[PDB]
Amino acid sequence: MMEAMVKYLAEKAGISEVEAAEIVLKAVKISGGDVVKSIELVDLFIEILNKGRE
Amino acid sequence: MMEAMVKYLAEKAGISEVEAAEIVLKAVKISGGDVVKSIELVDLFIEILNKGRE
Amino acid sequence: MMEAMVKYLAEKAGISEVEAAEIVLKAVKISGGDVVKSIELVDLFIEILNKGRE
Amino acid sequence: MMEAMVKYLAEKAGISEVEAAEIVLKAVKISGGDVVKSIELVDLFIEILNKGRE
Amino acid sequence: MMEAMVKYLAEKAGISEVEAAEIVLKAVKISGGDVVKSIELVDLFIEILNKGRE
Amino acid sequence: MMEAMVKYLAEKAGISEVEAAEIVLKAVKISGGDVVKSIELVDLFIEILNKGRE
Amino acid sequence: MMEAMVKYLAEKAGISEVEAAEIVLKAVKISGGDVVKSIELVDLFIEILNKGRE
Amino acid sequence: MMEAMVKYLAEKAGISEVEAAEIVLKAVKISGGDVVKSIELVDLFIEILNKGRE
Amino acid sequence: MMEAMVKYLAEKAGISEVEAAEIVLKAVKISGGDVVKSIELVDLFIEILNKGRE
Amino acid sequence: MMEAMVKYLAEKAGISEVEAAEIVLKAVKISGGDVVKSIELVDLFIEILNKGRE
Amino acid sequence: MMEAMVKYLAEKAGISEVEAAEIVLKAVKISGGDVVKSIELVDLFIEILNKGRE
Amino acid sequence: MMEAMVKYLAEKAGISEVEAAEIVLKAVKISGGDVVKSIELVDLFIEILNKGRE
Amino acid sequence: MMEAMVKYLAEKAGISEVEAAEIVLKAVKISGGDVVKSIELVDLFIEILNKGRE
Amino acid sequence: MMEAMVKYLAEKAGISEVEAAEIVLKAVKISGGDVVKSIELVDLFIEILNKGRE
Amino acid sequence: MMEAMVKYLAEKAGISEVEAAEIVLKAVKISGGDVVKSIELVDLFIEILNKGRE
Amino acid sequence: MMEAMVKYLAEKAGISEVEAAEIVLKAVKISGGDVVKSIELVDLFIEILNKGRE
Amino acid sequence: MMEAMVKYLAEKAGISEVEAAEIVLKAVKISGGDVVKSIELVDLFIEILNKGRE
Amino acid sequence: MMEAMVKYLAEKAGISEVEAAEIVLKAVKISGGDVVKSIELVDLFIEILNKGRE
Amino acid sequence: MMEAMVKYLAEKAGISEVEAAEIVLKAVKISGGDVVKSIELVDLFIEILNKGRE
Amino acid sequence: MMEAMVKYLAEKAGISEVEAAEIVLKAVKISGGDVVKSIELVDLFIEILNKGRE
Amino acid sequence: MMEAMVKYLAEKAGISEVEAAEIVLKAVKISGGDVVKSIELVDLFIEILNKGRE
Amino acid sequence: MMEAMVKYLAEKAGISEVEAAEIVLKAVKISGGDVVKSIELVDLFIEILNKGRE
Amino acid sequence: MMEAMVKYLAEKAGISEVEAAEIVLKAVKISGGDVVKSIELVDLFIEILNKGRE
Amino acid sequence: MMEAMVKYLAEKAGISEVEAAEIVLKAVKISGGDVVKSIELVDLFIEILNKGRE
Amino acid sequence: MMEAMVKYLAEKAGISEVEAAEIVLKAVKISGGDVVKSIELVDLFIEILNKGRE
Amino acid sequence: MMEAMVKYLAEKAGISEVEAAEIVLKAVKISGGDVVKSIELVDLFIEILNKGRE
Amino acid sequence: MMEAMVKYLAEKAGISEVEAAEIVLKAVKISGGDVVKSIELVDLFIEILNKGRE
Amino acid sequence: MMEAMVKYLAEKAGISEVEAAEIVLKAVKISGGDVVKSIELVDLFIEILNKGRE
Amino acid sequence: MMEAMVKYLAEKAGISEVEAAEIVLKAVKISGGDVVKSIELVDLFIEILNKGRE
Amino acid sequence: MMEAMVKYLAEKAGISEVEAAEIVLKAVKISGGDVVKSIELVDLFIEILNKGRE
Amino acid sequence: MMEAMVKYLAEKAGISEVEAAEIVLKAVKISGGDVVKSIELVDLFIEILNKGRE
Amino acid sequence: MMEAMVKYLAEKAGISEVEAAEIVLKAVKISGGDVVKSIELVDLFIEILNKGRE
Amino acid sequence: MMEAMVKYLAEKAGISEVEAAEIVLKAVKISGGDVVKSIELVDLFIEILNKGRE
Amino acid sequence: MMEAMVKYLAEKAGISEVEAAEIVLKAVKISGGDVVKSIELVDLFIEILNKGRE
Amino acid sequence: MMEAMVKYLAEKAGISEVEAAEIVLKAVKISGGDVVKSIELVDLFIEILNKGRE
Amino acid sequence: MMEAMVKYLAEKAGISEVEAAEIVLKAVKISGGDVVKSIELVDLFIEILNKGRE
Amino acid sequence: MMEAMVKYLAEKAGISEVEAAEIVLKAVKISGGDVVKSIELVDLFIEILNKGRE
């Protein structure tokens, strides 16, 4: 699960592997371990982490 | 609930009222309407939306 | 909840806040009072209410 | 929700904010706190409160 | 049930019997067919339909 | 059902039909819509409403 | 319901409208509000109320 | 149970033993065999059977 | 229960007390001990026992 | 079911076909539609309907 | 069951067997297939079908 | 709906108010107090009560 | 609970009392005896019954 | 059901229709109204009723 | 059940009794053995079987 | 409980202590011992017992 | 229990021990092993097995 | 039920009435008394009983 | 489902496709999505929509 | 669901689209909306509707 | 399981094994897949399939 | 079901078939597949989609 | 319970005991009869009733 | 919810916004968060807070 | 029961009583103590034990 | 499973395949289709079928 | 869904529209109305219906 | 179960044993392992697989 | 259900009607017949089917 | 709900609006979203936040 | 199932078909009829039956 | 079941009967005895067993 | 799970690793996290993503 | 439990032992005795108690 | 438990203690730990392990 | 989970990484996502994929 | 139980009795006391404990 999310976020947000792992762990913690909610939340993170620096 | 979150996020992240409203609506949607999860998500957004632009 | 939607809809559609209040009340009735469905439904209005005039 | 109804009723019936607040509180009390029934009931007042004076 | 309500409302509000029938039908429809709620709602109608024209 | 009580009360207490209608509606609300309790209450009013004026 | 019984009883027993209303209320009270038992009981009164005087 | 009702009714209503037996059987049959309801109903007959002739 | 039925049947059918007791015991046994069914069946016997000889 | 009972009763009691049909309908109605109880009652009628005329 | 009802009704009402079959089918259809209700209803028709022409 | 049925039956079948009231009470009693079955059954009486005399 | 609808429909559609009674009986029968559904359906008829002739 | 059994037994045992009806009624009563047990028991009677005389 | 349906259909459709038996057996099989559905379906056949040839 | 109601009613209606005790006992008996319903009903009596003499 | 039945049947029907044993085994099998049903059924055989040979 | 099957099978297979009754009783026994299964099984016999001789 | 009703209604009432579609949508909404109720209700419209203009 | 049956029925029976639509609507109503029963029932109509004219 | 029946049926009825396979498949389908009922039903076919040709 | 909505929306809103199909698919998705909610929601679009351009 | 509250409130708030009885009855009515909630409310009134005048 | 009560109470009682906020928070806390009870209780405070100073 | 089977089997198979006792004990053991199954199984042995030697 | 038993029984008892098939089908039927009981029962036959001839 | 399957099957198998409609109706009936099984089954036909002719 | 189907299908369709085995395995897999559905489905293939090549 | 998606998919992806029908059937089958999931999945195909060729 | 606490806390503790918003969000999060617990907790902060600096 | 095991065991152990059939029947009986346990046991026998003779 | 798979697998994969029997027994053991899963596994082995050697 | 799917899709579709991760995340999100449905969806995606560019 | 919290709070916040005991008792009382919530709340107090003075 | 089996098997089969221990462990594992099944299975091995070498 | 299986299978079977991924995905799909069954099935694949090429 | 494993493990691994006892106690503890799991686990050790030292 998470390994795909880590590289996916690193590519789509340009962040490093270690930062993506931290953000993905935050998402997994908040989601309660749900796979679907984690992916939704990582996509929302990809939105926020882009439009917030621009 | 959300009105407190909107101003809270706008102050803690420097974004406008309407942008904070959009982000808070995203958080409420993902949370499934839970008040606690919405506040946790808004705090995580305050973390991300700061460290991602610096 | 609804107060954020009224401003959120008014800004994103350009309508007056009194007209936004009416449309948001329509969404809440159809949604059965669900917060999540109301936000999904109000988002759909922003699509219809923009491409429907263009 | 009630704040939207109070302004929604005040505009559509021409009554003051405090008079609208009183009537909306009456609707919420009879409705048993249900949001949907309160909006349906407030809509009915806008009918009665208009044709009842004309 | 309703016939007592119709004449009661017509007397206490001064409206015609056909108009009272319409308003009582609205009350019964919103009330979900409950007898008690219909009477409370008709009393609220008697309040509104008097103080809104004065 | 209530129409029988209205005329029944009007005759046995000497009150007008509109005053009987009001009192019968009071009885139905307190009774919770029960037919039996409404008749018991209306019977009790006929006692109070007679010995209370003498 | 009861209005049909009142006229039905008054015609078949020859009693006055108000006397029929009183007896029908007695039947409804004992019956527990049941429609069927009230009609059976009112029919039973028509027997007693006729042969009881002849 | 019924034998006490038969003589009680015969004495109070002045009817014969066999007529009282018939009326008490009617009361028991319509009451569903309940003792209390049978006594209430036989009491009601004594009222009807008196004013029915006077 | 049965003693009223015995005299009732004996008077209404002209049979002796002991024969009425036998028929009423038959009715009670076949009825399953139900009081109401026993009375219905004893009434049914009075019809059969009359037209069956005439 | 009943057709066998009708001929059986007519033969064993000597009554006509239509009279047997009426008595069998009475038995079926009072039995609650049970097949066994109907046969028991029809047997019981054959006793009553014979010794009742002798 | 129905064949006994058909001839019973034809004899007691004087109608033809095919007309009695139609009426008995109507009774069975309305009754929901219940045997007891069907017989009660066919008896009710015999009253209506007689006094309705006289 | 019994008052509506009484007028409805009286007009369609041409019978008097009290005769219609009697038949409607029969329909309600045998129907078990159900509104739907009473209307279905009263409609059937209008058929029987017409072709039964023609 | 019904029987206000008859005059309401007669006035709002211009039909006679007997025709309104028939249509209201149709609505009540098809509605399953529900009060609210009957009122909604009678409201729908007032639409069809007006634009259907224009 | 039973009519087929009556002719079947009469043919296979040589007894008259009325005797076959009596035996089939005995079988149905003792079987508890079950169709299958009644047929099995009538089959057993055809054995006993043949070898019992031979 | 079915014997009344067979003759009813044969008369109302003019078909032979053996053909009516086949059609009634088809209806009973499709109906799942329900008496009411069988009668409704046989009524429907009488429509199809008449207008289908004309 | 009741002692407060007795003096409250005596003061607010002007009746004596023993009459107030009787009326309060009637209210408690009708209410089924419920404290809230007893207070509501005693309040209703104060209305009836005042306007009933004026 | 069966040994008593075998002797009981053999004496009352005159059959041999082995023939009685066979018939009693038939009764026990059809009865489902019930003791009471077996005795009722064996008694039924004693009737059939006697009158069937006379 | 079975009488229609007996004649139906006798006609469609050419067998006598008594043979058809036996086969239909076999079908009813195997079917467990189910009406639909009995009709399906009797239809299957009409196939076997025809092609089995040709 | 609905497409058949739309053409079915359009032909039987002579209305246009879009007017039939509107009325059929009204029927489906009130019916609660039930297929059978929608067809019964659409048939009811065909009666009203014809005699209402004549 | 319905459209395939309408064309399927129209071709196999030769009837028009509107006549097929009417018959298919009848099948769906009786079936209770069941898809499978409707196809079984429409298939049966193709038999009746062909051999019923030839 | 079925292979034993196919050979068993073929030998005892003299039919070809392909015809036996068809009949055994018919038996299994009607039986609902039950092993016991299939064997009982196949035994019945052996009776029918023999006496049906002789 | 949706085909009626697509044409219904296209006519009432003037949009093309493909744009109507898109909006109707949006309504069905949000509604959770409910038929009634989809029609309510499509009706709301006709309001928004008209006043939103005027 | 209430008598202690009445004097307690009168002493602590300085109001007359008849006014304290009214306020305590209001508290008991709102509390739903709960003893603890009534005491909490009476304590709350003492705060409001003191600072509300000062 | 509470904001409407705060303005509603402040205007009706004349107290400051912060004093109204405190009293409304007391009402919500003691009410258990129920919306209806809070409105009932705030209404009662308006009564106490007026006559408590007058 | 077993003693009847032992003699029953011994006579019908010609085996000694001690050998019959052994076989009957085998049947009872396999049957699980069921009386009916033991009799069915002992009957099967009488077949096997006869044709098995012939 | 049964095919193994058929060969297993044929070898161990010397009987033919068709005779083994018949006996194995008897075992399966009595066993209720249980595999284990069929094997136990078939083993018992191999004992009986050997010592029963020796 | 069926209309898509009918054209889907007709194209992929080359059969006519009405022949495809017949086969798709067979699939839906066997499937028990399940959408998924119908599509799986229709795909299975496309294999058989192609390789079965080649 | 399947082995009978494989030979049954091969003979009735003329396909090879291995081709029949493949198709029967397809039927069993899609049928969910049900014996009845597999036989119904294999019969349908015999229809498709014959008319599909002609 | 399906038809709107086929046109919707064909237009938005430019594929033929039959190719769209195939893909939509894939979506419906894999979705388990759910309406909402089918629309979500068909939307995903429109994404994949566009960027997959670009 | 929270907005009243924010101003209530800000006034009673003297902290800024944004600082009050932060603390109230802490209270709501710990409380699990409970309204009553949040108010109790915010009251405790007003104590700690005052005596903690003095 | 078992036929595969019999050949499977015979080949892998070198025993004859009848000896393999006996051992496989032992495995099936002791396994309780479970297919999986039977295969495990037969595998274990192949181990024991091979190494046990060396 | 398994015998069809053994030949089916042997033909498609070209392996011997005993090798196919071993592999099919492996599939049935893993499947847990499920028929459908066993066929899926055997199909998969045919894929692996072909491309695994090529 | 997903990492195997990502490389599998990348190889079988030729897309890049990051694009395959996105498509696999879409599949997992739609599937609801189910592993089986995700693999089915990925295979469907391979089919679509191959044939849509060709 | 609490003793560790008391010293922890006293050290981290710098308050006295008795003040820490009071605050910890407040936390335990509000928390409902939960250990986890008490620790979370005491941690929150350390934040408030620090920034509340600085 | 197992130690008795190990020596019991070793003596009765002549194998060594360690070979007996291995086989007994196999029996216990297959049995699922059941004591009874293990003894039955160890007994079965003593048969196989003896006749398997002789 | 699956990544260990992929390398394990590739090593123990000699196949490439992508081929092992495909086979492991097949195993996971058939297994229903179970971890244990997937490993058992991959071991069976390792057996088959080796011995089938030799 | 364990003593067999200790000797079994000691022989098959060459370890001492006390070393075997220690390892077997480890297996029993991890297994949760399950007998079967302990034997599977002890067998797994015999593999590891043999190949692991080479």
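All residue numbers refer to a per-chain count from 1 along the written sequence rather than necessarily to the numbering of the entry. Residues that lack coordinates are not shown. As a convention, the first chain written is A and the first ligand written is 1, with the rest following in written order. A larger assembly contains the chains shown, yet all values here describe just the shown part. Excluded from the side-chain calculations are hydrogens and water; all other atoms, namely the structure's heavy atoms, are used.

Its PDB header attributes the entry to cryo-EM and lists the resolution as 2.93 Å.

Observations concerning the overall build of chain A
Elements are defined by DSSP. Helices are runs of H or I of four residues or more, strands are runs of E of two residues or more, and each kind is numbered from the N terminus. When you go through chain A residue by residue, the secondary structure sums to three helices and zero strands. On C-alpha atoms alone, chain A measures out to a radius of gyration of 10 Å, which is about the 10 Å that the 2.2 N^0.38 rule sets for 54 residues. Along the first, second and third principal axes, the C-alpha set of chain A runs to 30 × 20 × 15 Å. Relative accessibility under 20% of the residue-type maximum defines a buried residue, over 50% an exposed one, and the middle range a partly exposed one, all with a 1.4 Å probe and only protein chains included. Per-residue burial for chain A yields a buried fraction of 46% across its 54 residues. Within chain A, counting contacts between residues at least 6 apart in sequence, those at least 24 apart form 42% of the total. Only carbon and sulfur atoms are counted for the fraction: they give 53% of the accessible area of chain A, which is about 2,700 Å². Counted as positive: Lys and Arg. Counted as negative: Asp and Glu. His and the chain ends are not counted at all. For this purpose, a charge sits on NZ of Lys, CZ of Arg, CG of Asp or CD of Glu. The centroid of the 7 positive side-chain charges in chain A is displaced by 3 Å from the centroid of its 10 negative side-chain charges. The globule rule is 2.2 Å times the number of residues to the power 0.38, and the radius of gyration it is compared with is taken over C-alpha atoms. Residue contacts follow a heavy-atom distance rule, with two residues in contact if any of their heavy atoms lie within 4.5 Å. Working definition of accessibility: Shrake-Rupley area with a 1.4 Å probe, residue cover restricted to the visible protein chains.

Notes on the relation of the copies chain D and chain E
The copies are each rotated and translated onto one another by least squares, with the C-alpha atoms as the fitted set. With an axial shift of 0.0 Å and an RMSD of 0.2 Å, the rotation relating chain D to chain E amounts to 180°. Here the two chains are linked by the operation of a two-fold rotation axis. Relative to the rotation axis, the C-alpha of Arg53 of chain D is the closest in chain D, positioned 2.3 Å from it. Mapped onto chain E, 100% of the interface residues of chain D are again interface residues, and the two copies thus contact each other with one and the same surface.

Considerations on the interface of chain D and chain E
Tallying the contact residues gives 14 residues for chain D and 16 residues for chain E. Here the quantity called buried area is the total loss of accessible area, with a 1.4 Å probe, experienced by two parts when brought into contact, counted for both. Of the roughly 1,400 Å² buried at the junction of chain D and chain E (both faces included), carbon and sulfur atoms supply 66%. Summed over the three residues of chain D that lose the most area to chain E, namely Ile30, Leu44 and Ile48 of chain D, the buried surface amounts to 35% of that side. Put simply, a salt bridge is a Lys or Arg side-chain nitrogen that is within 4 Å of an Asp or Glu carboxyl oxygen. For the pair chain D and chain E, the interface holds four salt bridges. As a salt-bridge pair, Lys51 of chain D and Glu22 of chain E come within 3.1 Å of each other at their nearest N and O atoms. Polar contacts, as counted here, are pairs of nitrogen or oxygen atoms within 3.5 Å of one another; within protein the pair requires one atom able to donate a hydrogen and one able to accept it, and residues that are adjacent in sequence qualify only if both atoms are side-chain atoms. Where chain D packs against chain E, one counts six residue pairs in polar contact. Looking at the side of chain D that touches chain E, the elements that each hand over two or more residues are α2 (17–31) and α3 (35–51) of chain D. No other element matches α3 of chain D, which puts nine residues into the side of chain D that touches chain E.

Some words on the relation of the copies chain B and chain C
Mapping chain B onto chain C calls for a rotation angle of 72° and an axial translation of 0.0 Å; the resulting RMSD is 0.2 Å. In the structure described here, the two chain copies are related by an operation that fits a five-fold rotation axis. Judged by C-alpha distance, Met1 of chain B is the residue of chain B that lies nearest the rotation axis, at 6.0 Å.

Here we look at the interface of chain B and chain C
Chain B puts ten residues into the contact, and the matching count from chain C is twelve residues. Of the roughly 1,000 Å² buried between chain B and chain C on both sides combined, carbon and sulfur atoms contribute 76%. When residues of chain B are sorted by the area they lose upon contact with chain C, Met2, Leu25 and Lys29 of chain B head the list and together hold 47% of the total. Counting across the interface, chain B meets chain C through three salt bridges. The salt bridge partner of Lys12 of chain C is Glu22 of chain B, with a shortest N-O separation of 3.0 Å. Among the elements that make up the side of chain B that touches chain C, the one with the highest residue count is helix α2 (residues 17–31) of chain B (six residues). In terms of residue class, the side of chain B that touches chain C is built from five nonpolar, two polar and three charged. Just so you know the grouping, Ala, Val, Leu, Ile, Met, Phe, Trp, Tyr, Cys and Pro go in nonpolar, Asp, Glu, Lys and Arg go in charged, and all remaining residues, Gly too, go in polar.

Section: the packing of aromatic side chains
Geometry of aromatic contacts follows a simple scheme: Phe, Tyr and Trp rings, the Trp one being its six-membered ring, pair when their centres are within 6.5 Å, and the pair is stacked under 30 degrees between planes, edge-to-face over 60, tilted otherwise. Applying the stated rule across the entire model yields 18 aromatic pairs over all chains. Judged by centre distance (6.2 Å) and plane angle (90°), the rings of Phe45 of chain AA and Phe45 of chain AB are edge-to-face. Of this pair, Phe45 of chain AA sits in helix α3 (residues 35–51) while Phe45 of chain AB is found in helix α3 (residues 35–51), placing the two residues in two different chains.

Structural notes on the side chain of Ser38 of chain J
If you trace the backbone, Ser38 of chain J turns up in helix α3 (residues 35–51). In this structure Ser38 of chain J touches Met5, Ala27, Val28 and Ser31 of chain J, once residues within four positions along its chain are discounted.

Focus on the packing of helix α2 (residues 17–31) of chain K against helix α3 (residues 35–51) of chain K
The relative placement of two packed helices comes down to the angle between their axes together with the axis-to-axis distance. Residue and element names in this part refer to chain K. In this description, a line fitted to the C-alpha atoms serves as the axis of each element, helices being fitted only across the stretch in contact, and the angle between N-to-C directions of two axes falls anywhere from 0 to 180 degrees. Following both chains from N to C, one finds α2 and α3 inclined at 135°, their axes separated by 9 Å at the closest point. When the axes of α2 and α3 are compared, the pair comes out oblique. Seen along the crossing, α2 lies across α3 with a hand that is right-handed. Two secondary-structure elements touch here, α2 through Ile23, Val24, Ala27, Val28, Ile30 and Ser31 and α3 through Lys37, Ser38, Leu41, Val42, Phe45 and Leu49. When an angle is under 35 degrees it counts as roughly parallel; over 145 it counts as roughly antiparallel; between 65 and 115 it counts as roughly perpendicular; any other value is oblique. Put simply, a crossing is left-handed when the front helix is turned counterclockwise from the back one by less than a right angle, and right-handed when it is turned clockwise.

A look at the environment of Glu47 of chain E
Position of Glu47 of chain E among the secondary structure elements: in helix α3 (residues 35–51). For the pair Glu47 of chain E and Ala13 of chain E, spaced 34 residues apart in sequence, the C-alpha to C-alpha distance is 8.7 Å.

Comments concerning the pattern of salt bridges
Side chains that carry opposite charge are capable of pairing whenever their charged atoms lie near each other. The final tally for this structure, using the stated rule, is 157 salt bridges over all chains. The shortest N-O distance in the salt bridge between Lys29 of chain AD and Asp43 of chain B comes to 2.8 Å. Of this pair, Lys29 of chain AD sits in helix α2 (residues 17–31) while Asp43 of chain B sits in helix α3 (residues 35–51), which puts the two residues in different chains. For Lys29 of chain AD, a relative accessible area of 27% translates into the label partly exposed. The class for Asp43 of chain B is buried, based on a relative accessible area of 18%. The residue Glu22 of chain W makes a salt bridge to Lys26 of chain W at a minimum N-O spacing of 3.9 Å. Here the residue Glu22 of chain W and the residue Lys26 of chain W both occupy positions in helix α2 (residues 17–31), the gap between them amounting to four residues, near one helical turn. In this structure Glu22 of chain W comes out as buried when scored by relative accessible area, which is 17%. One network of salt bridges, with partners in common, ties together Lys12 of chain A, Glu47 and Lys51 of chain AC together with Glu22 and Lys26 of chain AG.

Some details on a nonpolar patch on the surface
In this analysis, a patch consists of residues with relative accessible area above 30% that form no salt bridge, clustered at 9 Å for like charges and at 5 Å for the nonpolar side chains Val, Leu, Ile, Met, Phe, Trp and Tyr. A contiguous nonpolar patch, built from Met1, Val35, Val36 and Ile39 of chain AI together with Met1, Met2 and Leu25 of chain AK and spanning about 640 Å² of accessible area, is present on the exposed surface. Examining the composition of the nonpolar patch, we find that three residues originate from one element, helix α3 (residues 35–51) of chain AI, more than from any other. Residue placement: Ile39 of chain AI occurs in helix α3. Residue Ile39 of chain AI is classed as partly exposed on the basis of its relative accessible area, which comes to 40%.

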